[PDB]
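Engineer: Numbering (PDB author numbering), first residue to last: 30 to 270.
C-beta atoms are modelled at their ideal positions from N, C-alpha and C, and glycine is treated no differently.
Could you have a look at this structure, given as structure tokens, before my questions?
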Ligand SMILES: Nc1nc(C(=O)O)c(CCc2ccccc2)s1
Ligand SMILES: [Zn+2]
Ligand SMILES: [Zn+2]
């Protein structure tokens, strides 16, 4: 164990490395998984991504902690041995931004929604060093996301949080919903403490429409799923209104 209370369990094709688990999803895409031990409840998994783009690596989301995020960088060093060009973090919660200091100490440029950077200090965390802004239809303003390569950043609207962003991986059929999207077998939308219950369903559907040909949907707290994760999330969110 490797037996989280919440989050996917270990399957064939998963690599344990330190306290983390890594799963290759495509030739150039890996999922990183880290765990927070909650007393009396057990381990909660959080997932992000590692993408190789030629001679560099791009990261989506930190681990829960600085030490776990340093372990991600160690895995990258050992298994890929290419430099990390940048990281984009997908909202101001600990599962996504808890390891900012480790990225900064390593000299990695960090990007987040401007709103995430504005909210991070109120959540006790460190803002990314660069702010992404978005058009009225949710697409990132390209001048704020320079040299992002295959990462296609989309703000779907308020849902899990007001600042949640999503990332498509161009040249693949993978899109990352972060904590907005829950899997097709989920019984709940997870933590709604900071959620916009009015707009959640439309935001989930907007993510689906932004990446209409993505067949593998990666998410923070479950194994990758089909597009039924999007439709199931939206249907659960419909019930909040
Ligand atoms: N940091 C944490 N984020 C979340 C989240 O929802 O983003 C937590 C809830 C985990 C969960 C998810 C789905 C079903 C049941 C539980 S905890
Ligand atoms: Zn969150
Ligand atoms: Zn979360």
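Please determine, among 53, 241, 200, the residue with the shortest C-alpha to C-alpha distance to residue 42.
Structural biologist: 53
Engineer: Residues around ligand 3, please: the condition is that the C-beta lies closer than 5 Å to some non-hydrogen atom of it.
Structural biologist: Going along the chain, the residues that qualify are 124, 208, 249.
Engineer: Which whole-angstrom value describes the C-beta separation of residue 61 and residue 77, a residue pair presumed to lie in contact below a C-beta threshold of 8 Å?
Structural biologist: In this structure, residue 61 and residue 77 form a Cβ contact; the two beta carbons are roughly 5 Å apart against a cut-off of 8 Å.
Engineer: Can you tell me whether residue 146 is buried or exposed? The criterion is at least 16 other CB atoms within 10 Å of its CB, across all chains shown.
Structural biologist: buried
Engineer: Could you tell me which whole alpha helix (DSSP H) segments of length 4 or greater appear in the region 48-129?
Structural biologist: Complete alpha helix (DSSP H) runs here, min 4: 95-108, 123-126.
Engineer: For residue 193, count the other beta carbons within 10 Å of its own beta carbon; 16 or more makes it buried, fewer makes it exposed. Which is it?
Structural biologist: buried
Engineer: Assuming the contact rule is C-beta atoms closer than 8 Å, residue 250 and residue 75 should be a hit. Round their C-beta distance to whole Å, please.
Structural biologist: 7 Å
Engineer: From the DSSP secondary-structure annotation, give me the bridge partner or partners of residue 197.
Structural biologist: 181, 204
Engineer: Mark residue 56 as exposed unless 16 or more other C-beta atoms lie within 10 angstroms of its C-beta, in which case mark it buried.
Structural biologist: A residue is called buried when at least 16 other Cβ atoms come within 10 angstroms of its Cβ; residue 56 does not meet this threshold and is exposed.
Engineer: Do residue 89 and residue 196 come within 8 Å of each other at the CB atom, strictly closer than that value?
Structural biologist: Closer than 8 Å, so yes.
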